[PDB]
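This document opens with one chain alone, in structure tokens, the form deposited in one PDB entry.
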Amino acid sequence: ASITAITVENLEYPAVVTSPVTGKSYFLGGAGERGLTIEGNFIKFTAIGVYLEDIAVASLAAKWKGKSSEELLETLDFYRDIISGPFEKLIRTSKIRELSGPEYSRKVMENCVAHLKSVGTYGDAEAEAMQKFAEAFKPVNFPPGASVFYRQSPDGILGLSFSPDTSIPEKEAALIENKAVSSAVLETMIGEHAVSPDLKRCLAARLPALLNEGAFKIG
């Protein structure tokens, strides 16, 4: 049962969390830094952490038990099972430098629209969903330490939550009810065409120990 907390620029990601929204419990799959490769110096803007619902271990165990971290990292099918598995995923982006909602959401929505176009599932319903996605961010500003939570439900729903700190809000700001879009965000982070592989590495490193257990139980 060796899953640990991760800290990204003084922003702490606890090893386990329990949603006040769903009542489900999640474990930390990985965490890293994001920013811009601009002005010659790398400037950290956000931290990202990916949480998997506790039942994910039992679900992933069948196919991936006994595999090594090196092998998992090189296997696309592993991350597809994570992206599209029958369990909730919870992503937490924490700000290191202040960003408005539209400022932060710009690049995130670009990647999603790009992905949805790549795989040929960007129709009217998905464009509207991405519109509802944008609107959720417009009235919000993110000082340092403030967080956005993406709750990806396997039922094809994406819940957005904003917090002034790292704790999960009781209510969600919006519900994007679209299957293609619901998984789009996580795809841009650990999918095949994900630019930074730091989260892919983190997941590959942490899961094999859990998968040998056969299941994950908080407490």
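Residues carry their position along the shown sequence, with the first being 1.
Separately, the form solved in complex with a small molecule exists; it is not shown, and the next lines address it.
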Among 188, 153, 163, 59, which has any heavy atom within 4.5 Å of the small molecule in the deposited bound form?
188
Answer key, the small molecule contact in the deposited bound form at 4.5 Å (heavy atoms) among 99, 90, 136, 116: the residue is 99
Report yes if any heavy atom of residue 46 sits within 4.5 Å of a heavy atom of the small molecule in the deposited bound form; otherwise report no.
yes
Partner proximity in the deposited bound form: residue 149 to the small molecule, non-hydrogen atom cutoff 4.5 Å:
no
The small molecule contact at residue 104 in the deposited bound form, heavy atom, 4.5 Å
yes
If you check in the deposited bound form, is residue 67 within 4.5 Å of the small molecule, heavy atoms only?
no
Residue stretch of 108-116, 80-88, 138-146, 121-129 approaching the small molecule in the deposited bound form, non-hydrogen atom distance within 4.5 Å
108-116
